[PDB]
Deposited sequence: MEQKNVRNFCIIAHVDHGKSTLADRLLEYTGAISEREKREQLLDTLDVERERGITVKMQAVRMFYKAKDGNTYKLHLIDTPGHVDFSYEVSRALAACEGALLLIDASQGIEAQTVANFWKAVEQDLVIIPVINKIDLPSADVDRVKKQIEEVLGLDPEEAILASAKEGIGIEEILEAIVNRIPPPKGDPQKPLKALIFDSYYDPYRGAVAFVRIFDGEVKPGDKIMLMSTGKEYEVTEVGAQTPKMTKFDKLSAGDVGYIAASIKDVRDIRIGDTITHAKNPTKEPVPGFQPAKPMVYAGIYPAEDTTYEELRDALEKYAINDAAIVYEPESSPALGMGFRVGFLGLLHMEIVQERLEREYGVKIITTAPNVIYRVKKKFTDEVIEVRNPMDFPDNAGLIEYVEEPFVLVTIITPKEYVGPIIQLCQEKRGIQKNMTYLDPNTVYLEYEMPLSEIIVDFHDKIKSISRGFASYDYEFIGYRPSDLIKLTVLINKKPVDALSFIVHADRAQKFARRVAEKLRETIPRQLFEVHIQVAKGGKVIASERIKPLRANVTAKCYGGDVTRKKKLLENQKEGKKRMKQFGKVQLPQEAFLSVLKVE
């Protein structure tokens, strides 16, 4: 009558395979603040109309958890594959994350209008690699509109409808959020059990905090207030919440008065993985910078930052990101929407250091916090990740060689077809966050894709290198490198500066040191 006519799905596509486009198709084909919890109605060939909820999902590995949550809020997913490219890194990673949630995956080959397009290719891959029936695949072109209905049909027919009870205690999964200046901290939620209407007293199961709902509704696609949200629904909720960290993604929203036995599984707070110091550039100032960050941080529950200063650089901030894209985003967004101009140090992972006389192991986020006294270090550990790569046979050698150089241990190798190779390497994260994205693209003509997952901390032989410009060290220029790779980084970084420094009067001497010892030098002569 209502919840048996509901379809909760999301679009799972690798980078640039058509995810955003196809979404427009669906609304257009159905109609007559970021995009999320989009609700639309559809008249199927079978007769009645259905309530469809399109949940938006992050693409980059940086938001893997958040993607896992978005998936948790659905019954099915459309796995979008570009017929010209085929299965790529994310396509496979996302597939499995979707499988881990028992979602009905509906394959969708897009861009079949392309000359370069090759379906029997993708269908072959789908079967051999994904283990899916090539026959379930939906051929389609979003650029046009070929197969759109064919798609809405698949969703309705193949994807089961929600299955919770609206009479049981409220149980709603938070899969997204954002700060609304007028509504406050808002949470995009999927409702499994019960219902929620304005005025109700909800509670956040991880924190124990209670709030009074002020409004509920969904993107239709405009923020549309409703009288309520029932089991099986997807929408938003407002309850005068101070900020987005109070409604953490993956958290559960029940009733304060009568709560549900347990909370939806898999809650994990935000865990910054990569850090970097951000200093005020040009004429931008510490205050303006400190100000923009406080303004940004409202629309970001993942980011953390603390004041750090340098003798050379001055006053700035040590900021933690989920990964490289998140950081990139935060930068683009700051220089843009805030005008502030910032300089950013090289990124670094959090290290776990055990030093003598200190029972507790210290976590290093800022390299300058790393013990200058090597002998006082009992050991050091750094995060490792499992990197998966997809590439044409031709590029395998250079790639493998690239990986080996950066300390990657090949764990597996296979063929997604006679010309495409699949690879699994175990390498330090510290090595992936440094010129690995460009170098693999450079050597693969942009044809090789890759994804990776954190697989824990492993003890390693790392050291601290210091940078001195004319015999004068720069606290914020020091970095932690593997002892064996030290010389090379020493040299690289040396040249980077030989160029990065603007020729002034005297002679700018640059030295990279390994605990006293100098292992790299670069001196760019005087002024003219």
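Judged by missing C-alpha atoms, the gaps in the deposited chain sequence fall at residues 33 to 55, 552 to 600, listed in sequence order.
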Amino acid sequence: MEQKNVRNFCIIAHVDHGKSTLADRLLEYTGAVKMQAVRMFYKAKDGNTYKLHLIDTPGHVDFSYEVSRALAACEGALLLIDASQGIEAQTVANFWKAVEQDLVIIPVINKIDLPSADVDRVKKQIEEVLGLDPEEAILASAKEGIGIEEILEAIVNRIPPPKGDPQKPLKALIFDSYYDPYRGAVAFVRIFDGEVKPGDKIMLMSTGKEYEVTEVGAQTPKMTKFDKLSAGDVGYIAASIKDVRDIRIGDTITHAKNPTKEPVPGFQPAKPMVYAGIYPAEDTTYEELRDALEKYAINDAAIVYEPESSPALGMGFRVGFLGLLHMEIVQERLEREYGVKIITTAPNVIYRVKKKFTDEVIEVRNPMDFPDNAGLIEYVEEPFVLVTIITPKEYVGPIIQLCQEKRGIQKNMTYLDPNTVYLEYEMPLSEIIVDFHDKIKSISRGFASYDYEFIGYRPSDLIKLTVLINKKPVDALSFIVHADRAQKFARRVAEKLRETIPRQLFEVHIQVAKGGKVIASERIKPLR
From here on, numbers count along this sequence of modelled residues.
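Annotation: residue 15 belongs to the positions left without coordinates in at least a third of the other compared entries, with flanking residues modelled. Per-stretch averaging of Cα B factors for 494 to 502 and 463 to 471 places 494 to 502 on top. Averaged over Cα atoms, the B-factor as recorded in the entry is higher for 304 to 312 than for the other of 248 to 256 and 304 to 312.
Within the selection 346, 376, 223, 155, the deposited Cα B-factor values reach their highest point at 223.
The top Cα temperature factor in the record, among 381, 193, 212, 332, falls on 332. The deposited CA B-factor of residue 116 belongs to the highest third of values across its chain.
Per-chain ranking of the deposited C-alpha B factor places residue 60 in the middle third.
In the deposited entry, the Cα temperature factor of residue 407 places it in the lowest third of its chain's modelled residues. The entry lists a Cα temperature factor for residue 478 that places it in the middle third of the chain's modelled residues. In this PDB entry, residue 141 carries a Cα temperature factor that places it within the highest third of its chain's modelled residues.
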